[PDB]
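What follows is a short report on a single structure.
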Amino acid sequence: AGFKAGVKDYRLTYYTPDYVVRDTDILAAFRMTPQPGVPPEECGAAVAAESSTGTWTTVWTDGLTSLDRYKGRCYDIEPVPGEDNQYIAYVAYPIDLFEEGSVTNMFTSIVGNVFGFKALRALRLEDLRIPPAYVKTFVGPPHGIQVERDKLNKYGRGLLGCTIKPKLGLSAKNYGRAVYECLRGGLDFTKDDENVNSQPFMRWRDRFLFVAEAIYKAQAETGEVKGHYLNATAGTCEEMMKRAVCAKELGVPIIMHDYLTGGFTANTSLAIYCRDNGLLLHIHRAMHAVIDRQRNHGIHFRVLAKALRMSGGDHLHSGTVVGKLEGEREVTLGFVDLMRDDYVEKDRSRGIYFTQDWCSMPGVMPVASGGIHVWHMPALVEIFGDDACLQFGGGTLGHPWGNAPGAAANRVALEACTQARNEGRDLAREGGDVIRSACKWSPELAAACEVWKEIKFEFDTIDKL
Amino acid sequence: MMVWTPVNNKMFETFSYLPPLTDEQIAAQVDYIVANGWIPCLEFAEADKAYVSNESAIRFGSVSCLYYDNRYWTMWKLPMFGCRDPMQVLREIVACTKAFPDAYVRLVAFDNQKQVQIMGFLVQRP
Amino acid sequence: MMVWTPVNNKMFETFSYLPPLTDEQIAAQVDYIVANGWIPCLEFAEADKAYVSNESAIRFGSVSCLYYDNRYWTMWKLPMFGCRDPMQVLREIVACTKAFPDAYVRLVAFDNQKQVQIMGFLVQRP
Amino acid sequence: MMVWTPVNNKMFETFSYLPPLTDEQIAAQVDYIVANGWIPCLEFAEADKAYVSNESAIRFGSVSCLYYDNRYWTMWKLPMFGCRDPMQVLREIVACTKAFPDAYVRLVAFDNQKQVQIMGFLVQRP
Ligand SMILES: O=C(O)[C@@](O)(COP(=O)(O)O)[C@H](O)[C@H](O)COP(=O)(O)O
Ligand SMILES: [Mg+2]
């Protein structure tokens, strides 16, 4: 096996379409758009090579090791129906390529450099098959859905949350005031906006203390466990950890982190801290739509959701389907299963390219948030079932009578939909009837029903299967 | 604008914000338990043990996060493993409430595949 | 020498050391709110929640500094944004105290440029 | 299935799960003390000092492990060193209970070779 210097086609080493994947291999499905004149086999092979072991010219050091053992392998390519220059290229990566417990490392290989190759015009990572043997190297989520419900003592309905508004510009004491009034009306949770960290108008430790007062006041008043996701997102890991420690020392239940803008390295550290100190960890997906919006290029949210499940989070935003931010129904149902369930079979009608076995890693609570109000309640309960947190920020702080009545309206709407479902009512058909009936009964709900009766968010979907 | 009273307005989780459940509505929830193959169970507490509280945290260092007293209530008999008869569940509600007429009593149900309580609501107030 | 009694002599911050405010004196304070363009708001608390207390510090590590329970009271409706009519404020005082005749009730006002409460005093004691 | 009540069911360590000790049964336990050469002693407590509690842990750092208030009760006179007569132990039981008719009273015995209490049970309940 002599060393021969010079450039040769990547497909001579990295296109292996009769390869039988191993049950420990990490698999990737890439939606690939080659440049004119670049055969799909060579494009797929280049993606496999430059995300695993290869570079642009032959290197002699390959002969010191076994490229058979380590190389990434494009093992199948299928043309995309409806597309004349799109292909799904499937690549298998030996488990030995990856650092145990590091989402950072997994992404660095699979999406590190290949999206910038001149030889392709566009590339989108659609799915990853994370084998049980790699899943087991991760701590994973701090608690997961069952444990969270058990710690909160909350069963039989979706959880209800709410982002405090204005996003920025409120003082710490006004933040706590708003929080107390929201929580006391029937919301389980409130939260810092994703961009509320520590700023001139409100420093974080002031907010944490006033929010603590509000949590404990609302909990004593209502007799239900309350929380507010205090944001630990910070410029440095040291500041992030200081914020987590303060939450621990106040005895409060839950913090949040912006996993993509803070980053996977910091997120994984924080998840481990939350596991070791009993804090629930809410994950906000800020920046995801920079990556995941377009069909031809980027990374689908389902992969970002798997990555979060691995790095660790008790909650993750899932979209709403019906609210102000995009999320097509079938796409969303598929990645909700990937977030919550133990075992999810391949189903291309929901964008699930690979069977995914989570090998008992805890499930992540999907959080539906953004532009939703009381009339969306039936659809949300129908889409998500009970194991979700439904969040109403504008839909609570925009109630005409204030936050407590706004909270009560959302809580009544959720409970009425839950009761109706349990009684045999079809929320897909009868949802409006269920809400209309509850509006007539509850004055707080009626005021919300009237203000937002004509408000819908119906636009052409960009992220289509 | 109506003001949501802060006074004497404590709640008991699921279905506390709806009108009091009539017997038919309670029976319908029992039917939902049975239709889904879940395990009915009753739990009860005296008034002093019915509400979440914090008194054991006096013994703690800085580890009170998601620790509360009075989340656990007392089990009525055992979970009704294998029960697929709503009338048996309804009879046990009557029996529990007759034995402890001054107690808070809740009907819950367990799913053994998720291994979590999957429904629950108050059926008796003192 | 007169001795300042320590017994049953609790206070409620601004104007607590003056004679009880007459209706005329309350109306003058409302005029001052309106003259300065501040945002009137009413807040109320039952007796058990009206006085500063420390009970939530049982859940803490060494982080009680400037944490107290019962600084927050309950909002009556919403802050009266856009209100420049003193009679509307006085009518809300009547409505709040009618609805909660046994509560402590205070009239406050907010400045949105400093973003702080800029005045406040008790208008009802049970 | 019978349900074990959680309400008003506090116990008092050894022999609380049996029927109340008769006078003959108490006398038999006093014989066992004397037959084994153990040192009889009586202890008593008012109701507020009778059950284990945790109040002093407010003064602690993270050192509450196996610290409880109210394990110590108040000694009646002194341990009956050298007593080999059951009459004398039964006489003091009467004396202690007459002097403190509202107190909880327990009969204990000490072994000085193991240097530990080797028996004990409640002899009076208020
Ligand atoms: O900043 C916002 O817009 C929200 O606070 C919602 O406010 P409203 O409740 O007032 O809409 C949430 O962060 C978004 O839901 C995030 O989007 P996603 O959940 O899609 O990640
Ligand atoms: Mg937000």
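Lettering and numbering for the structure tokens are positional, with chains as A, B, ... in the shown order, residues counted from 1 in each chain, and ligands counted from 1 in the shown order.
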
Just list the residues in segment 29-111 of chain B DSSP gives alpha helix (DSSP H) on the backbone, as a list in words.
residues 29, 30, 31, 32, 33, 34, 35, 86, 87, 88, 89, 90, 91, 92, 93, 94, 95, 96, 97, 98 and 99 of chain B

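Taking only C-alpha atoms, the non-local environment of residue 304 of chain A within 10 Å (same-chain residues fewer than 3 positions away omitted) comprises residues 107, 125, 126, 127, 128, 259, 260, 285, 288, 291, 292, 299, 300, 301, 307, 308, 309, 310 and 335 of chain A.
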
Pick out the residues no farther than 9 Å from ligand 1, counting only C-alpha atoms and all ligand atoms, and list them as a VMD selection string.
chain A and resid 161 to 167 191 to 195 284 to 289 316 to 320 323 to 327 367 to 373 391 to 398

Only N, CA and C atoms, please: the residues just picked out, written as a compact mmCIF listing (two decimals), in the first residue's frame.
```
# COMPACT_ATOMS: atom_id res chain seq x y z
N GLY A 161 -46.75 28.75 31.39
CA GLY A 161 -45.71 29.73 31.65
C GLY A 161 -46.03 31.05 30.98
N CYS A 162 -45.06 31.96 30.99
CA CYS A 162 -45.29 33.33 30.57
C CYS A 162 -43.98 34.11 30.61
N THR A 163 -43.63 34.69 29.47
CA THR A 163 -42.46 35.58 29.44
C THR A 163 -42.87 36.98 29.89
N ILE A 164 -42.15 37.54 30.86
CA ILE A 164 -42.40 38.93 31.26
C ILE A 164 -42.08 39.89 30.15
N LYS A 165 -42.87 40.95 30.01
CA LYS A 165 -42.79 41.98 28.99
C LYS A 165 -42.73 43.36 29.57
N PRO A 166 -42.50 44.41 28.81
CA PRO A 166 -41.46 44.55 27.82
C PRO A 166 -40.27 43.62 27.97
N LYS A 167 -39.74 43.21 26.80
CA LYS A 167 -38.62 42.26 26.83
C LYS A 167 -37.48 42.81 27.69
N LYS A 191 -41.01 33.70 33.29
CA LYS A 191 -39.60 33.59 32.89
C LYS A 191 -39.03 34.93 32.50
N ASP A 192 -37.72 35.05 32.70
CA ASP A 192 -36.94 36.09 32.06
C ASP A 192 -37.03 35.93 30.54
N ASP A 193 -37.11 37.05 29.83
CA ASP A 193 -36.96 36.97 28.38
C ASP A 193 -35.56 36.43 28.10
N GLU A 194 -35.41 35.82 26.93
CA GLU A 194 -34.11 35.21 26.58
C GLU A 194 -32.98 36.22 26.65
N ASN A 195 -33.20 37.47 26.31
CA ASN A 195 -32.20 38.51 26.33
C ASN A 195 -32.10 39.28 27.63
N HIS A 284 -33.86 27.81 26.29
CA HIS A 284 -34.34 28.69 25.23
C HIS A 284 -33.50 28.50 23.97
N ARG A 285 -34.13 28.42 22.81
CA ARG A 285 -33.41 28.10 21.56
C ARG A 285 -33.07 29.33 20.74
N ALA A 286 -32.90 30.48 21.40
CA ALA A 286 -32.48 31.69 20.72
C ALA A 286 -31.36 31.41 19.71
N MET A 287 -31.52 31.98 18.54
CA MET A 287 -30.67 31.84 17.37
C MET A 287 -30.98 30.64 16.51
N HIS A 288 -31.83 29.71 16.91
CA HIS A 288 -32.00 28.48 16.14
C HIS A 288 -32.44 28.78 14.72
N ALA A 289 -33.32 29.75 14.48
CA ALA A 289 -33.87 30.00 13.16
C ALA A 289 -32.87 30.65 12.22
N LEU A 316 -37.29 22.46 26.48
CA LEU A 316 -36.78 23.08 25.27
C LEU A 316 -37.96 23.62 24.46
N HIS A 317 -37.82 24.84 23.96
CA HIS A 317 -38.90 25.36 23.13
C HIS A 317 -39.04 24.54 21.85
N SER A 318 -40.32 24.31 21.50
CA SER A 318 -40.66 23.43 20.40
C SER A 318 -41.41 24.11 19.27
N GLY A 319 -41.68 25.40 19.43
CA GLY A 319 -42.63 26.10 18.59
C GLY A 319 -44.07 25.79 19.04
N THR A 320 -44.98 26.49 18.39
CA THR A 320 -46.40 26.44 18.69
C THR A 320 -47.22 25.86 17.56
N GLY A 323 -48.76 29.91 16.39
CA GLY A 323 -48.37 31.22 16.86
C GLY A 323 -47.59 32.05 15.87
N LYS A 324 -46.83 33.02 16.39
CA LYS A 324 -46.15 34.00 15.55
C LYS A 324 -44.87 33.48 14.89
N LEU A 325 -44.31 32.39 15.39
CA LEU A 325 -43.07 31.86 14.81
C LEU A 325 -43.37 30.57 14.08
N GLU A 326 -42.57 30.26 13.06
CA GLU A 326 -42.89 29.16 12.16
C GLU A 326 -42.69 27.80 12.80
N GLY A 327 -43.52 26.84 12.40
CA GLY A 327 -43.34 25.45 12.81
C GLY A 327 -44.46 24.61 12.22
N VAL A 367 -41.74 23.20 25.03
CA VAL A 367 -42.33 24.45 25.46
C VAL A 367 -42.86 25.18 24.24
N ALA A 368 -44.19 25.31 24.18
CA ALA A 368 -44.86 26.03 23.12
C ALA A 368 -45.08 27.48 23.54
N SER A 369 -44.49 28.40 22.83
CA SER A 369 -44.46 29.80 23.25
C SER A 369 -44.34 30.69 22.03
N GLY A 370 -45.02 31.83 22.03
CA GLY A 370 -44.77 32.87 21.04
C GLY A 370 -46.02 33.19 20.24
N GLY A 371 -46.68 34.30 20.59
CA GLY A 371 -47.85 34.72 19.83
C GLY A 371 -49.07 33.84 20.02
N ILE A 372 -49.20 33.16 21.14
CA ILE A 372 -50.38 32.34 21.39
C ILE A 372 -51.28 33.00 22.43
N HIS A 373 -52.57 32.69 22.30
CA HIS A 373 -53.56 33.23 23.23
C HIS A 373 -54.64 32.19 23.47
N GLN A 391 -46.78 28.70 26.98
CA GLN A 391 -46.38 29.97 27.55
C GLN A 391 -47.06 31.14 26.86
N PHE A 392 -47.60 32.03 27.69
CA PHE A 392 -48.39 33.18 27.26
C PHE A 392 -47.82 34.44 27.87
N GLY A 393 -46.92 35.12 27.15
CA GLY A 393 -46.30 36.35 27.63
C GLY A 393 -47.19 37.55 27.33
N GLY A 394 -47.22 37.98 26.08
CA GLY A 394 -48.25 38.92 25.61
C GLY A 394 -49.66 38.45 25.93
N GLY A 395 -49.91 37.15 25.88
CA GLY A 395 -51.24 36.60 26.16
C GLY A 395 -51.58 36.65 27.63
N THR A 396 -50.71 37.04 28.53
CA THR A 396 -51.01 37.30 29.92
C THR A 396 -50.88 38.77 30.26
N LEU A 397 -49.75 39.40 29.96
CA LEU A 397 -49.49 40.80 30.24
C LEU A 397 -50.20 41.75 29.29
N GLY A 398 -50.89 41.23 28.30
CA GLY A 398 -51.76 42.00 27.42
C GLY A 398 -53.24 41.83 27.72
```

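Here the strand (DSSP E or B) residues in segment 14-83 of chain D, by DSSP on the backbone, are residues 39, 40, 41, 42, 43, 44, 45, 53, 69, 74, 75 and 76 of chain D.
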
I need the chosen residues saved as a compact mmCIF listing (two decimals), in the first residue's frame, with N, CA, C and O atoms.
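Below is the file that was written, out12.txt:
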```
# COMPACT_ATOMS: atom_id res chain seq x y z
N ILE D 39 -30.78 -0.36 86.45
CA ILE D 39 -31.01 0.81 87.28
C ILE D 39 -32.27 1.52 86.81
O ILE D 39 -32.29 2.13 85.75
N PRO D 40 -33.35 1.44 87.58
CA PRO D 40 -34.59 2.08 87.21
C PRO D 40 -34.47 3.59 87.29
O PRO D 40 -33.76 4.13 88.13
N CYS D 41 -35.19 4.30 86.42
CA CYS D 41 -35.27 5.75 86.49
C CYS D 41 -36.55 6.23 85.83
O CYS D 41 -37.01 5.62 84.87
N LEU D 42 -37.12 7.30 86.36
CA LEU D 42 -38.27 7.92 85.73
C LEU D 42 -37.91 9.25 85.10
O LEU D 42 -37.06 9.96 85.62
N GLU D 43 -38.54 9.56 83.98
CA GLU D 43 -38.35 10.82 83.29
C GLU D 43 -39.73 11.35 82.89
O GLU D 43 -40.63 10.54 82.64
N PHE D 44 -39.86 12.66 82.81
CA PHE D 44 -41.16 13.25 82.48
C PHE D 44 -40.98 14.50 81.65
O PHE D 44 -39.92 15.13 81.63
N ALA D 45 -42.04 14.89 80.94
CA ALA D 45 -42.03 16.09 80.14
C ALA D 45 -43.44 16.66 80.00
O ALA D 45 -44.38 15.88 79.81
N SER D 53 -38.51 17.45 68.16
CA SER D 53 -38.69 18.66 67.37
C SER D 53 -37.33 19.19 66.94
O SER D 53 -36.30 18.55 67.18
N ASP D 69 -34.37 18.23 69.14
CA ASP D 69 -34.82 18.69 70.45
C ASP D 69 -35.83 17.69 71.01
O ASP D 69 -36.50 16.96 70.29
N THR D 74 -37.05 15.36 81.54
CA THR D 74 -36.57 15.80 82.84
C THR D 74 -36.52 14.60 83.78
O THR D 74 -37.43 13.78 83.80
N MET D 75 -35.42 14.46 84.51
CA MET D 75 -35.23 13.35 85.42
C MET D 75 -36.12 13.50 86.66
O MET D 75 -36.16 14.55 87.29
N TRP D 76 -36.83 12.43 87.02
CA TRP D 76 -37.50 12.39 88.32
C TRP D 76 -36.49 11.96 89.37
O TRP D 76 -36.03 10.82 89.31
```

Selection: 10 Å around segment 94-108 of chain C, only C-alpha atoms, excl. self and same-chain fewer than 3 positions, as a short mmCIF file (atom, residue, chain, number, x, y, z; two decimals) with N, CA and C atoms, in the first residue's frame:
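Generated file (selection.cif):
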```cif
data_model
loop_
_atom_site.label_atom_id
_atom_site.label_comp_id
_atom_site.auth_asym_id
_atom_site.auth_seq_id
_atom_site.Cartn_x
_atom_site.Cartn_y
_atom_site.Cartn_z
N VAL B 3 -60.92 42.32 40.04
CA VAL B 3 -59.67 42.04 40.75
C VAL B 3 -59.68 40.62 41.28
N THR B 5 -58.97 37.91 43.76
CA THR B 5 -58.71 38.07 45.19
C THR B 5 -57.50 37.25 45.62
N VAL B 7 -57.16 36.71 48.84
CA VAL B 7 -57.57 36.29 50.18
C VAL B 7 -58.34 34.99 50.13
N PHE C 12 -46.26 52.60 58.89
CA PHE C 12 -46.45 52.22 57.50
C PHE C 12 -45.79 53.21 56.55
N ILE C 26 -55.79 63.85 51.87
CA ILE C 26 -55.64 62.81 50.85
C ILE C 26 -55.87 63.38 49.46
N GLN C 29 -52.87 65.25 48.26
CA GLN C 29 -51.83 64.34 47.77
C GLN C 29 -52.15 63.83 46.38
N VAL C 30 -53.41 63.53 46.09
CA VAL C 30 -53.81 63.11 44.75
C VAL C 30 -53.59 64.22 43.74
N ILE C 33 -49.98 64.15 42.80
CA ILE C 33 -49.75 63.12 41.79
C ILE C 33 -50.06 63.64 40.39
N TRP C 38 -47.61 61.84 37.46
CA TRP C 38 -47.25 60.51 37.91
C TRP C 38 -48.44 59.56 37.78
N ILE C 39 -48.16 58.27 37.85
CA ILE C 39 -49.14 57.22 37.60
C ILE C 39 -49.68 56.70 38.92
N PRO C 40 -50.94 57.00 39.24
CA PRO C 40 -51.54 56.50 40.46
C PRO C 40 -51.74 55.00 40.44
N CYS C 41 -51.62 54.36 41.60
CA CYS C 41 -51.92 52.94 41.70
C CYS C 41 -52.33 52.61 43.13
N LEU C 42 -53.27 51.69 43.29
CA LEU C 42 -53.62 51.21 44.62
C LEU C 42 -53.09 49.81 44.85
N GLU C 43 -52.70 49.53 46.08
CA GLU C 43 -52.23 48.21 46.47
C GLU C 43 -52.86 47.85 47.82
N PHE C 44 -53.06 46.56 48.06
CA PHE C 44 -53.74 46.16 49.29
C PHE C 44 -53.19 44.84 49.79
N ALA C 45 -53.38 44.57 51.07
CA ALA C 45 -52.92 43.35 51.70
C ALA C 45 -53.80 43.01 52.91
N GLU C 46 -54.12 41.73 53.05
CA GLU C 46 -54.73 41.29 54.31
C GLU C 46 -53.75 41.51 55.45
N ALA C 47 -54.23 41.53 56.69
CA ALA C 47 -53.40 41.81 57.85
C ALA C 47 -52.18 40.90 57.93
N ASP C 48 -52.35 39.61 57.69
CA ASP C 48 -51.28 38.63 57.69
C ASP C 48 -50.20 38.87 56.65
N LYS C 49 -50.47 39.63 55.60
CA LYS C 49 -49.50 39.90 54.55
C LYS C 49 -49.10 41.37 54.48
N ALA C 50 -49.44 42.16 55.49
CA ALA C 50 -49.23 43.60 55.41
C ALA C 50 -47.89 44.04 55.97
N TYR C 51 -47.32 43.24 56.87
CA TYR C 51 -46.10 43.59 57.57
C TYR C 51 -44.88 42.79 57.09
N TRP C 73 -47.27 44.05 47.86
CA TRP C 73 -48.69 43.85 48.19
C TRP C 73 -49.42 43.49 46.91
N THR C 74 -50.74 43.36 46.94
CA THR C 74 -51.50 42.98 45.76
C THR C 74 -51.99 44.22 45.03
N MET C 75 -51.83 44.22 43.71
CA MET C 75 -52.28 45.35 42.91
C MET C 75 -53.80 45.40 42.82
N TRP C 76 -54.35 46.60 43.05
CA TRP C 76 -55.77 46.83 42.74
C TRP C 76 -55.87 47.19 41.26
N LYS C 77 -56.49 46.33 40.47
CA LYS C 77 -56.64 46.56 39.04
C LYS C 77 -55.28 46.82 38.39
N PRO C 79 -52.18 50.04 37.38
CA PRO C 79 -51.79 51.44 37.51
C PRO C 79 -52.64 52.27 36.56
N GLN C 88 -61.21 60.46 39.69
CA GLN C 88 -61.11 59.05 39.32
C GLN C 88 -60.27 58.27 40.31
N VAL C 89 -59.18 58.86 40.79
CA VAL C 89 -58.34 58.19 41.79
C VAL C 89 -59.11 58.00 43.09
N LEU C 90 -59.80 59.07 43.52
CA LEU C 90 -60.59 58.99 44.75
C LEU C 90 -61.69 57.94 44.65
N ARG C 91 -62.36 57.84 43.50
CA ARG C 91 -63.35 56.80 43.27
C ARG C 91 -62.77 55.40 43.36
N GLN C 117 -41.35 53.98 42.23
CA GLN C 117 -42.44 54.59 43.00
C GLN C 117 -41.94 55.88 43.61
N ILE C 118 -42.71 56.96 43.44
CA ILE C 118 -42.24 58.29 43.79
C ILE C 118 -43.06 58.88 44.93
N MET C 119 -44.15 58.22 45.28
CA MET C 119 -44.91 58.60 46.48
C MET C 119 -45.69 57.39 46.95
N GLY C 120 -46.16 57.45 48.19
CA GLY C 120 -47.02 56.38 48.70
C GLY C 120 -47.40 56.67 50.15
N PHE C 121 -48.62 56.29 50.49
CA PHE C 121 -49.06 56.36 51.88
C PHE C 121 -50.30 55.49 52.10
N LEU C 122 -50.51 55.11 53.35
CA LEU C 122 -51.64 54.25 53.71
C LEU C 122 -52.94 55.03 53.65
N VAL C 123 -53.97 54.47 53.02
CA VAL C 123 -55.28 55.11 53.00
C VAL C 123 -56.33 54.33 53.77
N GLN C 124 -56.09 53.07 54.08
CA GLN C 124 -56.98 52.29 54.91
C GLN C 124 -56.20 51.33 55.81
N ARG C 125 -56.59 51.34 57.07
CA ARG C 125 -56.19 50.37 58.07
C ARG C 125 -57.45 49.71 58.65
N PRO C 126 -57.26 48.32 58.63
CA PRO C 126 -58.38 47.55 59.19
C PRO C 126 -58.67 47.96 60.63
#
```

Selected residue of minimal separation from ligand 2 among A:414, A:448, A:196, A:407, counting only C-alpha atoms and all ligand atoms:
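Of A:414, A:448, A:196, A:407, the one nearest ligand 2 is A:196, counting only C-alpha atoms and all ligand atoms.
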
Residue list for chain D near chain C as an NGL selection string, 12 Å, only C-alpha atoms
:D and (55 or 57-62)

Contact residues (chain B, partner chain A, 6 Å, only C-alpha atoms) as a PDB file with N, CA, C and O atoms, in the first residue's frame:
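Saved the output as iface_29.pdb:
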```pdb
ATOM      1  N   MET B   1     -62.847  46.214  35.019  1.00  0.00           N
ATOM      2  CA  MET B   1     -61.818  45.313  35.510  1.00  0.00           C
ATOM      3  C   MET B   1     -62.265  44.640  36.806  1.00  0.00           C
ATOM      4  O   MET B   1     -62.661  45.342  37.762  1.00  0.00           O
ATOM      5  N   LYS B  10     -56.862  29.633  48.004  1.00  0.00           N
ATOM      6  CA  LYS B  10     -55.916  28.558  47.710  1.00  0.00           C
ATOM      7  C   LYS B  10     -56.492  27.535  46.750  1.00  0.00           C
ATOM      8  O   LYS B  10     -57.699  27.287  46.693  1.00  0.00           O
ATOM      9  N   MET B  11     -55.618  26.938  45.946  1.00  0.00           N
ATOM     10  CA  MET B  11     -55.950  26.035  44.862  1.00  0.00           C
ATOM     11  C   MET B  11     -55.283  24.673  45.020  1.00  0.00           C
ATOM     12  O   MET B  11     -54.311  24.492  45.761  1.00  0.00           O
ATOM     13  N   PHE B  15     -57.823  21.274  37.629  1.00  0.00           N
ATOM     14  CA  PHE B  15     -59.263  21.476  37.636  1.00  0.00           C
ATOM     15  C   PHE B  15     -59.715  22.393  38.762  1.00  0.00           C
ATOM     16  O   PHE B  15     -60.905  22.758  38.791  1.00  0.00           O
ATOM     17  N   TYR B  17     -59.544  25.612  38.787  1.00  0.00           N
ATOM     18  CA  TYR B  17     -60.024  26.862  38.232  1.00  0.00           C
ATOM     19  C   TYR B  17     -61.349  26.709  37.497  1.00  0.00           C
ATOM     20  O   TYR B  17     -61.859  27.685  36.965  1.00  0.00           O
ATOM     21  N   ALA B  28     -66.932  10.774  34.673  1.00  0.00           N
ATOM     22  CA  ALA B  28     -66.313  10.881  33.360  1.00  0.00           C
ATOM     23  C   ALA B  28     -64.788  10.816  33.449  1.00  0.00           C
ATOM     24  O   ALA B  28     -64.160  10.178  32.599  1.00  0.00           O
ATOM     25  N   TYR B  32     -62.231   7.960  31.892  1.00  0.00           N
ATOM     26  CA  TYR B  32     -60.982   8.251  31.178  1.00  0.00           C
ATOM     27  C   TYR B  32     -59.821   7.455  31.754  1.00  0.00           C
ATOM     28  O   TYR B  32     -59.022   6.927  30.969  1.00  0.00           O
ATOM     29  N   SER B  62     -27.729  24.473  51.981  1.00  0.00           N
ATOM     30  CA  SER B  62     -28.281  25.197  50.846  1.00  0.00           C
ATOM     31  C   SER B  62     -28.820  24.254  49.782  1.00  0.00           C
ATOM     32  O   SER B  62     -28.469  24.341  48.599  1.00  0.00           O
ATOM     33  N   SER B  64     -32.388  23.369  49.554  1.00  0.00           N
ATOM     34  CA  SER B  64     -33.853  23.363  49.550  1.00  0.00           C
ATOM     35  C   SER B  64     -34.459  23.327  48.158  1.00  0.00           C
ATOM     36  O   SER B  64     -35.679  23.124  48.032  1.00  0.00           O
ATOM     37  N   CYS B  65     -33.699  23.541  47.091  1.00  0.00           N
ATOM     38  CA  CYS B  65     -34.247  23.559  45.749  1.00  0.00           C
ATOM     39  C   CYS B  65     -35.118  22.348  45.456  1.00  0.00           C
ATOM     40  O   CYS B  65     -34.728  21.194  45.581  1.00  0.00           O
ATOM     41  N   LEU B  66     -36.372  22.621  45.113  1.00  0.00           N
ATOM     42  CA  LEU B  66     -37.402  21.651  44.811  1.00  0.00           C
ATOM     43  C   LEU B  66     -37.617  20.606  45.893  1.00  0.00           C
ATOM     44  O   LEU B  66     -38.030  19.475  45.631  1.00  0.00           O
ATOM     45  N   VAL B 116     -45.298   7.556  36.127  1.00  0.00           N
ATOM     46  CA  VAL B 116     -45.633   8.884  36.619  1.00  0.00           C
ATOM     47  C   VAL B 116     -47.142   8.926  36.842  1.00  0.00           C
ATOM     48  O   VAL B 116     -47.897   8.214  36.175  1.00  0.00           O
ATOM     49  N   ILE B 118     -50.521  10.442  36.066  1.00  0.00           N
ATOM     50  CA  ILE B 118     -50.901  10.950  34.750  1.00  0.00           C
ATOM     51  C   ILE B 118     -52.192  11.750  34.798  1.00  0.00           C
ATOM     52  O   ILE B 118     -52.550  12.425  33.832  1.00  0.00           O
ATOM     53  N   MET B 119     -52.835  11.758  35.955  1.00  0.00           N
ATOM     54  CA  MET B 119     -54.019  12.592  36.173  1.00  0.00           C
ATOM     55  C   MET B 119     -54.236  12.724  37.670  1.00  0.00           C
ATOM     56  O   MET B 119     -53.654  11.975  38.459  1.00  0.00           O
ATOM     57  N   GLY B 120     -55.029  13.708  38.069  1.00  0.00           N
ATOM     58  CA  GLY B 120     -55.330  13.874  39.489  1.00  0.00           C
ATOM     59  C   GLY B 120     -56.166  15.129  39.704  1.00  0.00           C
ATOM     60  O   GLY B 120     -55.988  16.128  39.020  1.00  0.00           O
TER      61      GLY B 120
END
```

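The space between atom CA of residue 9 of chain B and atom CA of residue 110 of chain C spans 28.5 Å.
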
Within 7 Å of segment 265-273 of chain A using only C-alpha atoms, minus same-chain residues under 3 positions, as a list in words
residues 104, 141, 142, 237, 259, 262, 276, 277, 281, 311, 312 and 313 of chain A
